[PDB]
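S.K.: before I ask anything, here's the sequence and the deposited coordinates:
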Amino acid sequence: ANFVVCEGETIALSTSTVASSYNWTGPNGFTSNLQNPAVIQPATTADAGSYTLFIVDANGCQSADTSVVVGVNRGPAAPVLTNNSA
Amino acid sequence: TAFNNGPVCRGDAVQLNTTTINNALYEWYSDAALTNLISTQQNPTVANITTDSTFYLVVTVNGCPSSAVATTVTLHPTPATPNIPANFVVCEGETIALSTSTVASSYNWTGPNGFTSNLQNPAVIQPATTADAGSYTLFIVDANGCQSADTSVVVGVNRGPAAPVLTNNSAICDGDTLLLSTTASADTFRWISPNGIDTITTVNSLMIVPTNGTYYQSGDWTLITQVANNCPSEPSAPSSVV
């Protein structure tokens, strides 16, 4: 299902079905032919977008193009602190 | 009888075909008048079919030529120009992301610094620099093998200025006005307070009144500026106010 990760966290995708081959495409040129594509370890803002998949079955036929949208959240800059000293 | 290949791309060739007859003479003509002979092969190929056209076959057997048989070669409907982002500008150090919103058998992107891609969503140029500025072009090959019009986006690159030099009034008594200043000629001179307060002026000077409890502080101050653009300078080395 559509999901959101925070910048610096990972984006892991997977297909639960069986196929002769898998074909994934997405943002930043993400490309994979696996059931379980390499995980994007340092996920960043540029990795946000639509990740799509198609399946080629045992019989050579190519299934419908399906997808997940992956959002990316960002944290703020570190704050400046003060205190009362002594 | 005579047959053609299926619809053909505008610059491609079409193999024409007919029935094998023992010891027959085949003649293919470019026109109904049968005055311009193209070939005498059973299965000739005609190059550069840029428009719908017809060919005429005459077969002679036993010295007796047939009537002419026409075939029509259809041309496959030309694919639409691809959808590309509007011209845009990024600042050096920001990224350049390109994408095509259309569907294709293949994509072919080209550009500055040898940028090359065959994806709908090419790898993003992460440290974009001045050398990445220029025209990024695309072409699309459809399901039918035809190659669409070459379209493009121009990507500009902005640059930020060098960090400014700062001075201050050193040791300041409680009643002494604090004047922070620089040597830089710039727009949007943003002075950053030790508390984290970002204040913006149009001149190379910030006057802090002794009664101003949020800016009349002491510590390490820095400055970020812009010059006729939206790109910030490298921040100045912090300077200590006493």
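M.R.: All right, it came through fine. Numbering: from 1, shown residues only, chains lettered A, B, ... in the order given.
S.K.: which residues does the residue nearest to the spatial centre of chain A bridge with?
M.R.: The centroid of chain A falls nearest to residue A:11 when counting by C-alpha atoms, centre = their mean (4.1 Å). Counting by DSSP bridges, residue A:11 forms beta bridges with residue A:40.
S.K.: please name the residues that touch residue A:34.
M.R.: Taking C-beta atoms under 8 Å, 6 or more residues apart in numbering or on different chains as the contact definition, residue A:34 lies against A:22, A:24. (Each C-beta comes from the backbone N, C-alpha and C, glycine too.)
S.K.: what does residue A:19 give?
M.R.: Counting by C-beta under 8 Å, 6+ apart, residue A:19 makes contact with A:35, A:55-57.
S.K.: and which of these is nearest chain B?
M.R.: For the contacts of residue A:19, the minimum distance to chain B (C-beta to the nearest C-beta) is 15.4 Å, reached by residue A:56.
S.K.: touching, the closest one and residue A:64? I think so.
M.R.: No: using C-beta atoms under 8 Å, residue A:56 makes no contact with residue A:64, being 11.9 Å away.
S.K.: excluding its backbone neighbours, what's nearest the residue in chain A positioned nearest to chain B?
M.R.: Closest residue of chain A to chain B, C-beta to the nearest C-beta: residue A:80 (3.5 Å). The shortest distance from residue A:80 to any residue other than its chain neighbours is 3.5 Å, reached at residue B:196 (C-beta to C-beta, 6 or more residues apart in numbering or on different chains).
S.K.: re earlier: hmm, the residue nearest to the centre of chain A is touching residue A:42, no?
M.R.: No: Residue A:11 lies out of contact with residue A:42 (C-beta under 8 Å); the separation is 9.8 Å.
S.K.: show me the helices in chain A, by range?
M.R.: Under the criterion DSSP state H, chain A carries no helices.
S.K.: between residue A:56 and residue A:64, which one's more packed in?
M.R.: Shown here are residue A:56 and residue A:64; by other C-beta atoms under 10 Å in any protein chain shown, residue A:56 has more neighbours (15 against 7).
S.K.: got the contact list for that one?
M.R.: A:19-23, A:62-63.
S.K.: any of the residues you listed buried? List them.
M.R.: A:22-23 (16 or more other C-beta atoms under 10 Å in any protein chain shown).
S.K.: I'd say residue A:38 and residue A:32 touch.
M.R.: Yes: using C-beta under 8 Å, residue A:38 makes contact with residue A:32 at a distance of 7.0 Å.
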